[PDB]
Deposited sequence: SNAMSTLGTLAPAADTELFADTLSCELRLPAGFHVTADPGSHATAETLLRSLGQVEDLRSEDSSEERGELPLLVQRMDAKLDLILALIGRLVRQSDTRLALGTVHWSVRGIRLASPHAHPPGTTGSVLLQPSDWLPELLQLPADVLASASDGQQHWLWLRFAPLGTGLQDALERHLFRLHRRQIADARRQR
């Protein structure tokens, strides 16, 4: 906590993180000008489904035919995840500051404020799926060895916003948890 990167874009850092849960973490992240995010519902579905399956009984209240079905789903899911890792290009690992409003992350190339595009993020880790969020560049600055971008997400809509808030809240208690 207490990273000075915010001194590079005071007004932007305040817009994105003031008075709202903001998490500083490392995960595959990136920004691309030529969007192709998809829908709010896809992002929302990814986040919610991800929550229902994660964060660390069948013989009872349930038969056994359904346990097998659930087993098969776990297997299919793992295999489809394996398939994806085979072709998709992974995002680079980076330290980012993420809130419901936007994100501060490092980028190979600077981009003037006003540039529009999509923030790419791999939320999970065991699942090679990306969360894409349309966003605009609020600020762009360097610290000497990396170009930093402050991106503000375009309106997320009621459902996705909720899923994202829950997502951030969970990540936060867990980071504090394993401490």
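Chemist: Got a list of the deposited-sequence ranges with no coordinates?
Modeler: Seq positions lacking coordinates: 1-2, 59-64, 188-191.
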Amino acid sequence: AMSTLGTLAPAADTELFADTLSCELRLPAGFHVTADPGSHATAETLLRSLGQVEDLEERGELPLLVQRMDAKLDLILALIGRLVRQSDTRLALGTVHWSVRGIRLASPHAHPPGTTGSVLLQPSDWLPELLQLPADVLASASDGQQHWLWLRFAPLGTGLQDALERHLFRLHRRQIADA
From here on, numbers count along this sequence of modelled residues.
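Chemist: Comparing 34-42 with 130-138, which stretch shows the greater average C-alpha B-factor in the deposited entry?
Modeler: Per the deposited B-factors, the answer is 34-42.
Chemist: Please compare 155-163 with 8-16 and say which has the higher mean C-alpha temperature factor in the record.
Modeler: Stretch with the higher mean C-alpha B-factor: 8-16.
Chemist: Which third of the chain holds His109 when residues are ordered by C-alpha B factor: lowest, middle or highest?
Modeler: Highest third of the chain for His109's C-alpha B-factor.
Chemist: By its CA B factor, does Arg90 count among the lowest, middle or highest third of the modelled residues in the chain?
Modeler: Highest third of the chain for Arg90's C-alpha B-factor.
Chemist: Tell me, lowest, middle or highest third: where does the Cα B factor of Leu50 rank within its chain?
Modeler: Its C-alpha B-factor belongs to the middle third of this chain's values.
Chemist: Quick check for you: using the entry's CA B-factors within this chain, is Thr116 in the lowest, middle or highest third?
Modeler: According to the entry, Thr116 has a C-alpha B-factor in the chain's middle third.
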